[PDB]
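Input: a single structure, listed below in structure tokens.
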Amino acid sequence: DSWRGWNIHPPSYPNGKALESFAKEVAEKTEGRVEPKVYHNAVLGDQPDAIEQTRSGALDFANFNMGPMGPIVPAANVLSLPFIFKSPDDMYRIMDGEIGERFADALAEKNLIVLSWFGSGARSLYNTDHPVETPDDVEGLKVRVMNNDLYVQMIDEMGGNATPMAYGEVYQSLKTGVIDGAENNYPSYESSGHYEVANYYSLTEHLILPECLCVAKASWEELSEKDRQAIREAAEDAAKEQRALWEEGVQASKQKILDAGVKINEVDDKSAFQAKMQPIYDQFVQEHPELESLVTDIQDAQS
Ligand SMILES: O=C(O)[C@H]1O[C@@H](O)[C@H](O)[C@@H](O)[C@@H]1O
Ligand SMILES: [Cl-]
Ligand SMILES: [Cl-]
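Each residue of the sequence shown is one higher than the one before, counting from 34 in the deposited numbering.
Put into structure tokens, the structure is as follows:
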């Protein structure tokens, strides 16, 4: 069983190393019956297209951010509500409990089998013009977002205007002035080179998104129980590794961007940004009353 897998990041990124460890452990633990290979840098497609190829069984496994999953799996959109998690540690705690299984079940209905959860820190605004200290500083900024309408609503409510765009296109768009900014965690802001062209990083920390390590349902269904169990074990090992590497990477990436002269600032009052997101939550629970208890259960877990 040859398996092809997808990663958007470079091979040396925390997620990349963890997926290479996964591939190696799978081959060993299945005695060569399943032999995964990871293709990095999104060479097999942009994230929405890779999601579709994995759902249809054309790709066997992947590491997907739950952000672009929202338009495909309704429950996953809960994770894209701005500020729904107070910190990465709260996200890990919640996703590692019974609530995380609700999201795995929802993905399975759309042909994706979640084996473990990777972290992706906290996404913050960066731009080419000035520090963002209050929401009014976002006025006039054209900010790239991922492919989920909630992010357009998010930027618009903060005061700016948004444009959905593939991750691979962002560097050149910033360089040429087509966009003024984008938003991401420390390791992506650094790895991608965006920090070289957008020198202001303002810690809005507005999205804390899980990422899955998942397998195509069609590929999963070809396996014996023994090999399913082996691959589960390999994925749990890979997630523990990824999370440890992740924190080391946040530290290393911050040092690199500081050394390069990036201007990092805290926002005056994060609660001022959070208050402006209220209409997004209102509209969401009105549209999706069947998801309301998922939203309130996550909120209640962080009182
Ligand atoms: O902004 C993006 O598109 C990227 O953001 C990173 O944080 C996620 O790890 C990666 O999956 C996304 O493709
Ligand atoms: Cl981060
Ligand atoms: Cl993409």
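The beta-carbon is built from N, C-alpha and C at its ideal position, and this holds for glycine as well.
Pairwise C-alpha distance: residue j and residue i
i      : j      : result
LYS287 : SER257 : 44 Å
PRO69  : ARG37  : 6 Å
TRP39  : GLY133 : 22 Å
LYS273 : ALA305 : 35 Å
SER326 : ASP292 : 45 Å
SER225 : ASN144 : 30 Å
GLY49  : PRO43  : 6 Å
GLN80  : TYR200 : 8 Å
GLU323 : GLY103 : 15 Å
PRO168 : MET191 : 5 Å
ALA268 : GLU172 : 43 Å
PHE94  : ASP270 : 16 Å
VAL59  : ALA285 : 29 Å
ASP333 : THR209 : 44 Å
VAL76  : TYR204 : 17 Å
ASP34  : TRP253 : 11 Å
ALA51  : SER45  : 9 Å
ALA109 : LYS303 : 24 Å
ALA231 : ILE241 : 21 Å
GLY90  : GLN307 : 39 Å
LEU92  : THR237 : 35 Å
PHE55  : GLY130 : 22 Å
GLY78  : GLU281 : 28 Å
Ligand 3 heavy atom lying under 8 Å from the CB of residue i
i      : result
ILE41  : yes
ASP79  : yes
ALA95  : no
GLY226 : no
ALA195 : no
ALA215 : no
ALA231 : no
Contact set for residue i: own chain, Cβ-Cβ below 8 Å, skip 5 residues either direction
i          : result
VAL328     : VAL111, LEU114, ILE117, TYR314, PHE317, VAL318
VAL176     : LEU158, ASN160, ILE188, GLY193, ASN194, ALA195, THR196, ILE212, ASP213, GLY214, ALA215, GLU216
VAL147     : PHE136, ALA137, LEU140, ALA141, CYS245, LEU246, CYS247
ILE331     : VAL111, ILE117, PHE118, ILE127, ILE132
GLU166     : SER235, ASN298, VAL300, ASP301
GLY152     : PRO121, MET124, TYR125, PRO243, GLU244, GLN275, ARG276, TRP279
residue 21 : This structure leaves residue 21 out entirely; the chain is present only between 34 and 336.
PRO164     : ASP170, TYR233, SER235, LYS296, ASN298
Contacts around residue i, its chain only, beta-carbon distance under 6 Å, and the 5 residues preceding and following it disregarded
i      : result
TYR228 : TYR222, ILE290, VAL295
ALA263 : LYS62, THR63
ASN180 : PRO81, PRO101, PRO197
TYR184 : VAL178
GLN186 : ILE313
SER206 : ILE212
Residue of the options minimising C-alpha distance to residue i
i           : options                        : result
residue 397 : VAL185, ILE297, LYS250, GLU254 : Residue 397 cannot be examined here, being either before or after the span of the chain that is shown, 34 to 336.
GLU64       : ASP330, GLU269, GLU281, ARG261 : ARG261
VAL106      : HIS321, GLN335, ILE127, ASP162 : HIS321
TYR72       : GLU131, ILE241, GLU53          : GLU53
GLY154      : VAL230, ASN98, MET102          : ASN98
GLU266      : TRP150, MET124, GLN186, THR237 : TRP150
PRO47       : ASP170, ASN96, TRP253          : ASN96
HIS239      : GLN335, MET310, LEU174         : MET310
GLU255      : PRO220, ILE41, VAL67           : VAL67
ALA83       : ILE41, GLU281, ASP182          : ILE41
Residue i CB to nearest heavy atom of ligand 1 below 8 Å
i      : result
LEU242 : yes
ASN160 : no
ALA308 : no
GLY100 : yes
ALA51  : no
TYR204 : no
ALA139 : no
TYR234 : no
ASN181 : no
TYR314 : no
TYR72  : no
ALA285 : no
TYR200 : yes
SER221 : yes
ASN144 : no
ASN110 : no
Distance cut-off 8 Å: residue i Cβ against heavy atoms of ligand 4
i      : result
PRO104 : Within the structure as shown, ligand 4 is missing, the only ligands being ligand 1, ligand 2 and ligand 3.
Sequence-distant residues of the same chain with beta carbon closer than 7 Å to residue i, five excluded per side
i      : result
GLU202 : none
Under 6 Å, CB to nearest heavy atom of ligand 2: contacting residues: Residue list for ligand 2: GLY154, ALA155, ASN218, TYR219, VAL283 (CB closer than 6 Å to any heavy atom, chain order).
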